[PDB]
Amino acid sequence: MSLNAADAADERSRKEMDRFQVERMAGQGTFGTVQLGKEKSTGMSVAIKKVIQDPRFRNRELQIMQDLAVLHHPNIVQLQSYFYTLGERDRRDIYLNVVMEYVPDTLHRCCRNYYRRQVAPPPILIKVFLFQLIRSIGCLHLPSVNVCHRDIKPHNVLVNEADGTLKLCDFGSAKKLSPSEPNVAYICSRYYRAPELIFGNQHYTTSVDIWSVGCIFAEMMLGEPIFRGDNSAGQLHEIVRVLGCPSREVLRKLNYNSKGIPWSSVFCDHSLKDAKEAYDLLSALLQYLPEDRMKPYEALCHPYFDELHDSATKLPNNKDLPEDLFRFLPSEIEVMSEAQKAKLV
Ligand SMILES: OCCCNc1cc(-c2ccnc(Nc3cccc(Cl)c3)n2)ccn1
């Protein structure tokens, strides 16, 4: 199961590779490949990702992963190792490999497993997942971290359904934004792209990641992406078809006249006991104007999450909620408002 020393691109890389055994392929695709392995020293399960870097774009996977590894946040993957390997199909290619703790599934597959059985995922799972996903972007967006992920989607939100845990991963597109500096607008997967990105703004803020998270909340409750456009213009049309056309002043700030569709009509879920609360939260995430979207630490205090504070609340398999849900890092606690601290800590 040892990694092949001959594939190492250099001595540092051979030494890092000797730390890990490979067990099996977990998944593969345009991003490259992810193997399940094990750290030999600890027995710990790791995900070994061979990174394919598109040279039309700046890839910051390694540098952001190294910045975030200082924090050890419970809802962000933690870098264990990085090394370079020679290509298998052509040994002149060299690839970055990043090693992090293994998470068994993607949010995409976990949700698709329910919908392929004609049922929405259990409401308590959608809720603990959303809580942890909002926590991950709260941490990213702290003034001391200031990372905009820019590509949050159900394929890079990882989950362990059995314990209700969630981790954000895939920082190749992430960047520290500045109101004074420009960025590529064609970033993000189309269905998750915020209105300000659709309009081609080169200056934007971390609120783009709040929009993506709102999109994902809706997707967990619907079974498909909520805003499925065929292109930049189609994307804006699908958003307005669902949300309602925004005022002319809103559209001029970002740069048909739809009434929009009530959430109750979109999701067709009359069993969800706290739907009014869920849909209030979703509307607060999906504000057209970035400055109007509910900020993560405040969203964590939203009444939708109240039952996550009760010890009697269990996951669908009768397991306790994750122990780290309300374990916040000092860098988070120290910038909370008194009300957020009272509620969450
Ligand atoms: O589409 C899945 C995410 C691919 N990108 C990715 C994935 C990871 C990552 C980290 C930890 N555990 C896993 N598990 C896992 C499980 C099934 C399939 C696949 Cl492929 C992976 N993946 C990190 C950065 N980037």
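Residues numbered from 1 in each chain as written, not as in the entry; some residues may be left out. Heavy atoms only, no water. Residues with missing side-chain atoms left out of burial classes, pairs and counts.

Q: Even after reading the chapter, I still don't get the pairing of strand β2 (residues 32-39), so can you show me in this structure?
A: The side chains of a regular strand alternate, first on one face of the sheet and then on the other. As judged from the eight bridges shared by strand β1 (residues 20-29) and β2, these two strands associate in the antiparallel manner. By the bridge assignment for β2, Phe20 is matched with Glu39. Hairpin connection of β1 to β2: two residues between the antiparallel strands. Sheet analysis places β2 next to strand β3 (residues 45-51), joined by seven bridges and oriented antiparallel. Within the sheet, the bridge partner assigned to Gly32 lies in β3 and is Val51. (Pairing = 2+ DSSP bridges. Helix = DSSP H or I, 4+ residues; strand = E, 2+ residues; numbered from the N terminus.)

Q: What should I look at first to understand the sheet that holds strand β5 (residues 94-101) in this one?
A: Taken together, the five strands give an open sheet; going across it, the order is β1-β2-β3-β5-β4, and neighbouring strands pair in antiparallel fashion. Two strands in the sheet have a free side with no partner beyond their single neighbour: β1 and β4 (79-86). Going from strand to strand, the sheet's axes swing by 25° on average, the running direction of each strand aside. Running over the sheet, helix α2 (residues 61-68) touches β3, β4 and β5 and is turned about 160° from β4. (Axes fitted to C-alpha atoms, helices over the stretch in contact; angles between N-to-C directions. Contact = heavy atoms within 4.5 Å.)

Q: Help me understand helix α4 (residues 123-141), please; the structure alone is not making it clear to me.
A: Note that an α-helix has 3.6 residues per turn; residues three or four places apart therefore point the same way. In this model, α4 (19 residues) spans 27 Å end to end at C-alpha, consistent with the 27 Å of a helix rising 1.5 Å per residue. A large share of α4 lies buried, amounting to 18 of its 19 residues. (Expected span 1.5 Å × (residues − 1). Buried < 20%, exposed > 50% of the residue type's maximum accessible area, 1.4 Å probe, protein only.)

Q: Is there a simple way to explain the pattern of salt bridges in this structure?
A: Proximity of charged atoms lets side chains of opposite charge pair with each other. Under the defined criterion, the tally for this structure stands at 20 salt bridges. Where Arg91 meets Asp7, a salt bridge forms, and the shortest distance between an N and an O atom there is 3.2 Å. Note that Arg91 is positioned in the loop between β4 and β5 and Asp7 in the segment before α1 (11-17), a separation of 84 residues in sequence. Look at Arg91 and you get partly exposed, because its relative accessible area is 46%. Residue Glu11 pairs with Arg14 through a salt bridge whose shortest N-O separation is 3.0 Å. Here the residue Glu11 and the residue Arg14 both occupy positions in helix α1, the gap between them amounting to three residues, near one helical turn. A cluster of three or more residues bridged by salt bridges with shared partners is formed by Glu16, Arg19 and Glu39. (Salt bridge = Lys/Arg side-chain N within 4 Å of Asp/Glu carboxyl O.)

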